[PDB]
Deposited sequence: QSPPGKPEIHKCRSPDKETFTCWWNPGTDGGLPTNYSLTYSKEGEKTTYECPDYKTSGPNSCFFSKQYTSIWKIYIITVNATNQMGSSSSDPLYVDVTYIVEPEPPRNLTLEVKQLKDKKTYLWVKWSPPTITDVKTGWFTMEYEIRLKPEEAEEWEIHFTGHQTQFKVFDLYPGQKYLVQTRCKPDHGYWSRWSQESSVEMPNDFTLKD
C-alpha cells in the first residue's frame, strides 16, 4: 500500500507533499473538510519526483485538506492544516561581538522560538528573544556558533551557517 511520507510548507503561502511507492502509476487527490468536491494534484513537476506542489492559487490557511495517494489501492487519508507544517529557513544576520567579558550573540528572523549553539555542541534554548548573553568562556579560542528557529506549531529549521569569533587572550 502507498504511504504519505510528509508534507511541508516554507512560508504558509505554498506547500508540498511527498510519498513512497506502494510495492504502477501514482496519482494524488484531495478534498477540503468543508465541501464534497474531489480534486487532483495540480502539479507533479516543480517539486521533483514523487511529489505534489500547491502554489498560491491552490493554498488556503482556512481549511483542512484531506489528502490520499492512489496506485493503479488508496492509502490512509491524511489531514493537513498548512499552518502546522511550516519548516522555516535559518535565522539571518548573525553577528558576534565581545563585551567582565561575555559573548553577545545577535540574529534576525527569516512569532518564533530560537536555539543557538557553540563548540558535541552546547545547545541554548532562547525562547522568543532575538539576542542572547553567554558568560564564562575560554580565553584564546576561536568559537563556532549557529542558530535554528521553529514556528508556533512547526518543525525546526536546518542549522544556520557557521560564524566565528575569538575570545581575547
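Gaps without C-alpha coordinates occur at 1-5, 29-33, 83-87, 115-119, 131-140, 150-154, 205-210, with positions taken along the deposited sequence from 1.
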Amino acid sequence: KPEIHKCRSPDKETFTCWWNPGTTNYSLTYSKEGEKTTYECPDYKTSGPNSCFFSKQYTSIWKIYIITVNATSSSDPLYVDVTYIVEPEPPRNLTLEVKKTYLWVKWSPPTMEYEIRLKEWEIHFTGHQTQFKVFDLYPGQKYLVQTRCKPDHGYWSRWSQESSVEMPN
From here on, numbers count along this sequence of modelled residues.
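Comparing the deposited coordinates for 57-65 and 121-129, the stretch with the larger average C-alpha B-factor is 121-129.
For the two regions 132-140 and 39-47, the entry's Cα B-factors average higher over 132-140.
In the PDB entry, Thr16 places in the lowest third of its chain by CA B-factor. Looking at the C-alpha B-factors along this chain, the one for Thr24 belongs to the highest third.
When the modelled residues of the chain are ordered by their C-alpha B factor, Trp107 lands in the middle third. Compared with the other modelled residues of the chain, the Cα B-factor recorded for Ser9 ranks in the lowest third.
Among all modelled residues in its chain, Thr95 ranks in the middle third by Cα B-factor.
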